[PDB]
Amino acid sequence: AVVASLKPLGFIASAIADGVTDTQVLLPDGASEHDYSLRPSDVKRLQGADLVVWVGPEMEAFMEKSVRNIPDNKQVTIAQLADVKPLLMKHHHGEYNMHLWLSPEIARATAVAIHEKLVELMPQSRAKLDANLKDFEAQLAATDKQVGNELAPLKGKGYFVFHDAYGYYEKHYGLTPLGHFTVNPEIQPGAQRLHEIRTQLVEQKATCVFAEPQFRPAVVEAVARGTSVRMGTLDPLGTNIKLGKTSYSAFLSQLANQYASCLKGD
Ligand SMILES: O=C(NO)c1cn(Cc2ccccc2Cl)cc1-c1ccccc1
Ligand SMILES: [Zn+2]
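See the structure below:
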């Protein structure tokens with residue numbers, strides 16, 4: 027099996043590995059990067075993998091140690107790929145945005161790297177692997193066209209998010225975020241912080257404020273209350289999407305729908 031650290035990396039790997047080997051996701055969606063410690067059973071899975079796919083030590087810091095013993099020809103470390111360097115832009141404490149799965153261009157380079165490793169590891173399946181890469185790139189191009197068109201009429205509409213993640217996706221499709229607020233998903237900001245957030249919401253003319261699935265509706269409402277800003281939800285992990293050949297294209301389209309759902313009209 028190919029073992030991917032995070033679900034959207036699973037989406038990409040499952041496009042390339044389809045009909046060749048299973049794709050597995052290491053961690054449940056609810057986990058994170060610095061508090062999370064790997065179970066010995068997780069380490070075993072990594073070492074048993076045909077191929078490990080992860081962003082790298084600036085993102086899944088918790089697995090850097092586990093991945094040292096795995097040979098280079100059995101891992102794709104996305105942040106360290108040669109073709110990914112010119113695609114990086116300025139796990140949140142590092143210098144670069146490491147939410148790399150949100151860049152269609154980085155997804156493409158990831159798929160190429162996965163394909164290349166798999167062909168070396170499983171040359172008996174080269175043709176199927178070539179076919180899978182061909183199909184992934186064709187879907188990505190088609191999705192890219194479709195999403196770009198869905199999001200084009202939304203240009204210029206401002207919004208805030210509770211997570212500085214989406215820059216790769218927003219720059220690529222020409223969305224115009226105003227900025228981000230650090231908000232605890234379980235606990236609303238204090239009186240002073242909330243005042244400052246709410247005034248920026250109105251002052252900067254935001255159409256929407258976007259939360260994520262793990263935010264308690266109460267804290268989102270507390271942020272949006274009084275302002276005339278519509279509330280939205282973005283899911284940067286596509287938690288509801290199953291692994292499979294078409295999953296990464298489905299993820300990019302679902303994210304567009306989530307943006308559009310709050311942003312369009314008014
Ligand atoms: O980037 C982030 N935090 O700053 C994330 C945001 N999420 C969204 C999320 C968290 C918990 C449960 C569901 C979801 Cl969609 C997941 C991560 C995340 C997951 C694994 C590793 C690092 C981050
Ligand atoms: Zn993040």
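Take the sequence shown: its letters are residues 27 to 116, 139 to 314, numbered as in the authors' numbering. Backbone N, C-alpha and C define an ideal beta-carbon position, used for all residues, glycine too.
**Item:** Terminal residues of the alpha helix (DSSP H) in which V267 lies
**Value:** In this chain, the alpha helix (DSSP H) harbouring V267 covers 265-272.
**Message:** Using only Cβ atoms and a threshold of 7 angstroms, which residues come within that distance of a heavy atom of ligand 1? Order them by chain position.
**Reply:** Those satisfying the condition are, in chain order, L32, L53, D55, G56, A57, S58, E59, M85, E86, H139, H140, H147, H211, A213, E260, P261, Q262, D283, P284, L285, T287.
**Request:** Check the DSSP bridge columns for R278 and list the partner residues they point to.
**Result:** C256.
**Message:** So, at 6 angstroms on beta carbons, what are the nonlocal neighbours of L249 in its own chain, with the 5 sequence-adjacent residues on each side left out?
**Reply:** Within the same chain, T275, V277 come within 6 angstroms of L249 by CB-CB distance, once the 5 residues on both sides are set aside.
**Item:** Validate contact between the stretch 257-267 and the stretch 208-222 using beta carbons, cut 8 angstroms, 3 pairs
**Value:** By the Cβ test, the stretch 257-267 is in contact with the stretch 208-222, since at least three Cβ pairs between them sit closer than 8 angstroms.
**Item:** Nonlocal neighbours in the same chain, by C-beta distance under 6 angstroms from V267, ignoring five residues either side
**Value:** Counting only Cβ-Cβ distances below 6 angstroms, and skipping sequence neighbours, we find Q236.
**Request:** Within 10 angstroms of the Cβ of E244, are there 16 or more other Cβ atoms? Answer buried if so, exposed if not.
**Result:** Flag for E244 reads exposed.
**Within 7 angstroms, strictly: CB atoms of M85 and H139** = A contact, by the Cβ cut-off of 7 angstroms.
**Message:** Starting from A298, trace the alpha helix (DSSP H) in both directions and tell me its first and last residue.
**Reply:** Looking at the DSSP string, the run of the alpha helix (DSSP H) that includes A298 is 295-311.
**Request:** Go through its chain and collect everything with a Cβ distance to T287's Cβ below 8 angstroms, but skip five positions before and after it.
**Result:** Correct list, in chain order: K33, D55, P261.
**Message:** Quick check: the Cα distance between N232 and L72, rounded to an integer number of angstroms?
**Reply:** Just so you know, the alpha carbons of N232 and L72 end up roughly 32 angstroms apart.
**Request:** Excluding the 5 residues preceding and the 5 following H228 in the sequence, name in chain order all residues of the same chain whose CB lies nearer than 8 angstroms to its CB.
**Result:** Taken in chain order, the residues that qualify are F208, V209, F210, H211, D212.
**Message:** Just to confirm my understanding: we take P171, look at its own chain, exclude 5 residues before and 5 after, and list those with CB closer than 7 angstroms. What are they?
**Reply:** Closer than 7 angstroms at the Cβ level, and outside the excluded window around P171, lies no residue.
**Asked** On the three-state DSSP scale, how would you describe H139?
**Response** Three-state DSSP puts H139 in coil, outside helix and strand.
**Asked** Can you name, in chain order, every residue of its own chain whose Cβ lies under 7 angstroms from the Cβ of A39, other than the five neighbours on each side?
**Response** Counting only Cβ-Cβ distances below 7 angstroms, and skipping sequence neighbours, we find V28, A30, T49, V79, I162.
**Message:** With H, G and I counted as helix, E and B as strand and the rest as coil, what does DSSP make of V28?
**Reply:** In this structure, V28 counts as strand in the three-state DSSP scheme.
**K219 versus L242 - alpha carbon distance** = Each residue's Cα considered, the two are about 28 angstroms apart.
**Prompt:** How is the beta strand (DSSP E) around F88 delimited, first residue to last?
**Reply:** Careful: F88 lies outside any beta strand (DSSP E) and carries neither H nor E.
**Message:** Bridge partners for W80 per DSSP, in chain order?
**Reply:** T103, per the DSSP bridge assignment.
**Message:** Considering just the uninterrupted stretch of the alpha helix (DSSP H) at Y216, what are its terminal residues?
**Reply:** 215-221 is the span of the alpha helix (DSSP H), which, as asked, contains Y216.
**Prompt:** For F208, which beta-bridge partners are listed by DSSP?
**Reply:** Listed as beta-bridge partners of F208 by DSSP are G227, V257.
**Asked** Would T224 be called buried (16 or more neighbouring beta carbons within 10 Å of its own) or exposed?
**Response** With fewer than 16 other Cβ atoms within 10 Å, it is exposed.
**Message:** On the CB-based measure, 16 or more other CB atoms within 10 Å of its CB, does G204 come out buried or exposed?
**Reply:** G204 comes out exposed.
**Message:** Among the candidates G313, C310, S309, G292, whose CA atom is the shortest distance from the CA of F37?
**Reply:** That would be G292, whose Cα lies nearest to the Cα of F37.
**Asked** In chain order, what residues of the same chain lie with their CB nearer than 7 angstroms to the CB of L64, ignoring the 5 residues before and after it?
**Response** Taken in chain order, the residues that qualify are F88, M89, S92.
**Message:** Between the alpha carbons of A254 and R273, how many angstroms are there, rounded?
**Reply:** One C-alpha to the other measures close to 13 angstroms.
**Asked** Can you tell me whether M115 is buried or exposed, with buried defined as 16 or more other CB within 10 angstroms of its CB?
**Response** Only exposed fits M115, as fewer than 16 other CB atoms lie within 10 angstroms of its CB.
**Limits of the beta strand (DSSP E) - the one that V51 falls within** = Note, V51: beta strand (DSSP E), 49-51.
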